[PDB]
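Student: So here's work-v4.cif, just mmCIF, C-alpha atoms and all ligand atoms:
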```cif
data_target
#
loop_
_atom_site.group_PDB
_atom_site.id
_atom_site.type_symbol
_atom_site.label_atom_id
_atom_site.label_comp_id
_atom_site.auth_asym_id
_atom_site.auth_seq_id
_atom_site.Cartn_x
_atom_site.Cartn_y
_atom_site.Cartn_z
ATOM 1 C CA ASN F 559 -25.145 -18.319 15.422
ATOM 2 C CA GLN F 560 -23.054 -16.235 13.075
ATOM 3 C CA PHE F 561 -21.007 -19.136 11.611
ATOM 4 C CA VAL F 562 -21.998 -22.781 11.255
ATOM 5 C CA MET F 563 -19.847 -25.226 13.204
ATOM 6 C CA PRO F 564 -17.795 -27.544 10.960
ATOM 7 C CA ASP F 565 -17.212 -31.242 11.653
ATOM 8 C CA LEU F 566 -13.718 -31.238 13.152
ATOM 9 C CA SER F 567 -13.576 -35.002 13.787
ATOM 10 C CA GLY F 568 -10.204 -36.543 12.951
ATOM 11 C CA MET F 569 -8.189 -33.325 12.699
ATOM 12 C CA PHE F 570 -5.005 -32.525 14.606
ATOM 13 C CA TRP F 571 -5.098 -29.354 16.724
ATOM 14 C CA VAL F 572 -2.480 -27.819 14.440
ATOM 15 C CA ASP F 573 -5.163 -28.041 11.758
ATOM 16 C CA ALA F 574 -8.345 -27.789 13.850
ATOM 17 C CA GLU F 575 -7.767 -24.295 15.266
ATOM 18 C CA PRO F 576 -6.685 -22.428 12.124
ATOM 19 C CA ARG F 577 -9.760 -23.879 10.440
ATOM 20 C CA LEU F 578 -11.921 -22.343 13.162
ATOM 21 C CA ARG F 579 -9.972 -19.068 13.217
ATOM 22 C CA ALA F 580 -10.345 -18.775 9.432
ATOM 23 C CA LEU F 581 -14.124 -18.906 9.896
ATOM 24 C CA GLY F 582 -13.798 -15.783 12.021
ATOM 25 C CA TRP F 583 -13.867 -17.522 15.403
ATOM 26 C CA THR F 584 -12.281 -15.264 18.020
ATOM 27 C CA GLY F 585 -13.655 -17.125 21.024
ATOM 28 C CA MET F 586 -11.925 -19.166 23.706
ATOM 29 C CA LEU F 587 -10.837 -22.794 23.403
ATOM 30 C CA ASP F 588 -11.898 -25.146 26.174
ATOM 31 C CA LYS F 589 -9.495 -28.082 26.000
ATOM 32 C CA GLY F 590 -11.334 -30.998 27.569
ATOM 33 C CA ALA F 591 -10.048 -34.290 28.934
ATOM 34 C CA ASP F 592 -8.223 -36.575 26.504
ATOM 35 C CA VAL F 593 -10.033 -39.632 25.188
ATOM 36 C CA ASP F 594 -8.315 -42.995 24.925
ATOM 37 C CA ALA F 595 -9.464 -43.795 21.390
ATOM 38 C CA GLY F 596 -6.712 -45.994 19.973
ATOM 39 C CA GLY F 597 -3.464 -45.210 18.194
ATOM 40 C CA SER F 598 -5.033 -43.880 15.001
ATOM 41 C CA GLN F 599 -6.902 -41.217 16.975
ATOM 42 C CA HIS F 600 -3.836 -40.061 18.924
ATOM 43 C CA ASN F 601 -4.007 -36.260 19.273
ATOM 44 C CA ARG F 602 -6.891 -36.056 16.785
ATOM 45 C CA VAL F 603 -10.259 -34.439 17.540
ATOM 46 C CA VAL F 604 -12.639 -36.922 19.172
ATOM 47 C CA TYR F 605 -15.359 -34.660 20.597
ATOM 48 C CA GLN F 606 -16.365 -31.088 19.859
ATOM 49 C CA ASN F 607 -18.853 -28.603 21.256
ATOM 50 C CA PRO F 608 -20.975 -27.234 19.675
ATOM 51 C CA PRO F 609 -21.704 -30.172 17.335
ATOM 52 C CA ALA F 610 -21.337 -29.753 13.569
ATOM 53 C CA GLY F 611 -24.219 -27.884 11.947
ATOM 54 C CA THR F 612 -24.804 -25.789 15.060
ATOM 55 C CA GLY F 613 -24.689 -22.002 14.797
ATOM 56 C CA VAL F 614 -21.972 -20.786 17.147
ATOM 57 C CA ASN F 615 -21.066 -17.188 18.015
ATOM 58 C CA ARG F 616 -17.880 -15.556 16.748
ATOM 59 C CA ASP F 617 -16.571 -15.231 20.303
ATOM 60 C CA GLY F 618 -18.462 -18.206 21.702
ATOM 61 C CA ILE F 619 -16.688 -20.973 23.611
ATOM 62 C CA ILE F 620 -15.624 -24.055 21.655
ATOM 63 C CA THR F 621 -14.697 -27.277 23.454
ATOM 64 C CA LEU F 622 -12.405 -29.944 22.006
ATOM 65 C CA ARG F 623 -11.452 -33.370 23.317
ATOM 66 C CA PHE F 624 -8.482 -34.999 21.611
ATOM 67 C CA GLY F 625 -7.440 -38.622 21.285
ATOM 68 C CA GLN F 626 -5.134 -39.604 24.131
HETATM 69 ZN ZN ZN G 701 -1.201 -28.884 8.763
HETATM 70 ZN ZN ZN G 702 -4.773 -20.457 19.660
HETATM 71 ZN ZN ZN G 703 -3.762 -33.266 25.494
HETATM 72 ZN ZN ZN G 704 -5.560 -46.840 24.893
HETATM 73 ZN ZN ZN G 705 -2.771 -48.929 19.283
HETATM 74 ZN ZN ZN G 706 -1.875 -41.644 22.330
HETATM 75 ZN ZN ZN G 707 -3.234 -35.454 23.379
#
```
Just dump the structure as structure tokens.

Tutor:
Amino acid sequence: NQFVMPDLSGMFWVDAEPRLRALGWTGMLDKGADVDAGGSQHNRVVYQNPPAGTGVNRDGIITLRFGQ
């Protein structure tokens, strides 16, 4: 908890990461398993950890699962 986690749902990774990095996030990305979530969700953020509203550390680990 040094910056509040945003809701990244629906973003492409080309937009998801720079948004996090701009918040000061210097931590490591854990890219999780893809999620088959239909065509509209293809390569968009489906899950995230920590959830939005959670205080995450500047170098804490963030996990993303993208639409298959
Ligand atoms: Zn863009
Ligand atoms: Zn990167
Ligand atoms: Zn992938
Ligand atoms: Zn499918
Ligand atoms: Zn489809
Ligand atoms: Zn797909
Ligand atoms: Zn993908």

Student: Residues of chain F within 9 Å of ligand ZN 706 (chain G): nearest atom pair and distance (Å, one decimal) for each, counting all atoms listed in the file, sorted by chain and number, as CSV?

Tutor:
```
residue,atom,partner,partner_atom,distance
F:593,CA,G:ZN706,ZN,8.9
F:594,CA,G:ZN706,ZN,7.1
F:595,CA,G:ZN706,ZN,7.9
F:596,CA,G:ZN706,ZN,6.9
F:597,CA,G:ZN706,ZN,5.7
F:598,CA,G:ZN706,ZN,8.3
F:599,CA,G:ZN706,ZN,7.4
F:600,CA,G:ZN706,ZN,4.2
F:601,CA,G:ZN706,ZN,6.5
F:625,CA,G:ZN706,ZN,6.4
F:626,CA,G:ZN706,ZN,4.2
```

Student: Tell me, as a PyMOL selection string, which residues lie within 7 Å of stretch 602-612 of chain F, counting all atoms listed in the file; anything in the same chain fewer than 5 positions away does not count.

Tutor: chain F and resi 562-571+620-625

Student: Keeping only C-alpha atoms, write those residues as a short mmCIF file (atom, residue, chain, number, x, y, z; two decimals), in the frame of the given file.

Tutor:
```cif
data_model
loop_
_atom_site.label_atom_id
_atom_site.label_comp_id
_atom_site.auth_asym_id
_atom_site.auth_seq_id
_atom_site.Cartn_x
_atom_site.Cartn_y
_atom_site.Cartn_z
CA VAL F 562 -22.00 -22.78 11.26
CA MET F 563 -19.85 -25.23 13.20
CA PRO F 564 -17.80 -27.54 10.96
CA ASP F 565 -17.21 -31.24 11.65
CA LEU F 566 -13.72 -31.24 13.15
CA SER F 567 -13.58 -35.00 13.79
CA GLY F 568 -10.20 -36.54 12.95
CA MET F 569 -8.19 -33.33 12.70
CA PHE F 570 -5.00 -32.52 14.61
CA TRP F 571 -5.10 -29.35 16.72
CA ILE F 620 -15.62 -24.06 21.66
CA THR F 621 -14.70 -27.28 23.45
CA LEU F 622 -12.40 -29.94 22.01
CA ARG F 623 -11.45 -33.37 23.32
CA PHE F 624 -8.48 -35.00 21.61
CA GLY F 625 -7.44 -38.62 21.28
#
```

Student: Dump the neighbourhood of ligand ZN 702 (chain G) as a list in words: all residues within 12 Å, distances computed on all atoms listed in the file.

Tutor: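 Answer in the requested format: residues 571, 572, 573, 574, 575, 576, 577, 578, 579, 580, 583, 584, 585, 586, 587, 588, 589 and 620 of chain F.
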
Student: Output C-alpha atoms of each residue in that selection to a file, as a compact mmCIF listing (two decimals), in the coordinates of the input.

Tutor:
```
# COMPACT_ATOMS: atom_id res chain seq x y z
CA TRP F 571 -5.10 -29.35 16.72
CA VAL F 572 -2.48 -27.82 14.44
CA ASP F 573 -5.16 -28.04 11.76
CA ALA F 574 -8.35 -27.79 13.85
CA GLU F 575 -7.77 -24.30 15.27
CA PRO F 576 -6.68 -22.43 12.12
CA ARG F 577 -9.76 -23.88 10.44
CA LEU F 578 -11.92 -22.34 13.16
CA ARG F 579 -9.97 -19.07 13.22
CA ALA F 580 -10.34 -18.77 9.43
CA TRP F 583 -13.87 -17.52 15.40
CA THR F 584 -12.28 -15.26 18.02
CA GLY F 585 -13.66 -17.12 21.02
CA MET F 586 -11.92 -19.17 23.71
CA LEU F 587 -10.84 -22.79 23.40
CA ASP F 588 -11.90 -25.15 26.17
CA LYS F 589 -9.49 -28.08 26.00
CA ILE F 620 -15.62 -24.06 21.66
```

Student: For atom CA of residue F:616 and atom CA of residue F:581, quote the distance in Å rounded to one decimal.

Tutor: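 Separation of atom CA of residue F:616 and atom CA of residue F:581: 8.5 Å.
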